[PDB]
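Undergrad: compute the structure for the input listed below.
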Amino acid sequence: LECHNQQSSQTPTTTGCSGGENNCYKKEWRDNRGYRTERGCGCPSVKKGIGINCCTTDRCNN
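TA: Numbers count the residues shown, from 1 in each chain. Structure as follows:
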């Protein structure tokens, strides 16, 4: 799986993960008027006000 690694950008880049993670998350956090979001590999089961999602496809976190 080769999802996006860059965050807070319009034209991010793709990169294949290793080890054993076939899921790429995409957490989004707001401040007030605007908000950003970061991607990566791994679906954590934490708890926070910030949004957290997970997918299993190429460039799923774009």
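
Undergrad: which residues does residue 3 bridge with?
TA: For residue 3, the beta-bridge partners under DSSP bridges are residue 15.

Undergrad: just list whatever residues bridge to the residue most central in space within the chain.
TA: By C-alpha atoms, centre = their mean, the chain has its centre lying nearest to residue 39, at 1.9 Å. With DSSP bridges as the criterion, residue 39 is bridged to residue 26.

Undergrad: list the contacts of residue 32.
TA: Not one residue lies near residue 32 by C-beta atoms under 8 Å, 6 or more residues apart in numbering. The C-beta positions use only the backbone N, C-alpha and C, and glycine is treated the same way.

Undergrad: helix, strand or coil for it?
TA: Following DSSP: H, G, I helix; E, B strand; the rest coil, the label given to residue 32 is coil.

Undergrad: next up, phi/psi of it, please.
TA: Main-chain dihedrals, residue 32, degrees, to the nearest 10: phi -180, psi -80.

Undergrad: hang on, residue 8 packs against residue 38?
TA: Yes: in this structure residue 8 lies within contact range of residue 38 using C-beta atoms under 8 Å: 7.1 Å.

Undergrad: looking at those two, which is more packed in?
TA: For residue 8 versus residue 38, neighbours defined as other C-beta atoms under 10 Å are more numerous around residue 38 (17 against 8).

Undergrad: setting aside sequence neighbours, what's the nearest residue to the more buried one?
TA: Excluding the flanking residues, the one nearest residue 38 by C-beta to C-beta, 6 or more residues apart in numbering is residue 7, at 3.6 Å.

Undergrad: hmm, back to that, surely the residue nearest to the centre of the chain and residue 3 touch.
TA: Yes: using C-beta under 8 Å, residue 39 is in contact with residue 3, at 6.0 Å.

Undergrad: need the overlap of contacts for these two.
TA: Shared contacts of residue 39 and residue 3, counting by C-beta under 8 Å, 6+ apart, come down to 24, 61, 62.

Undergrad: among those residues, name the buried ones.
TA: Neighbour counting over those (16 or more other C-beta atoms under 10 Å) leaves 24, 61 as the buried ones.

Undergrad: sounds good, over and out.
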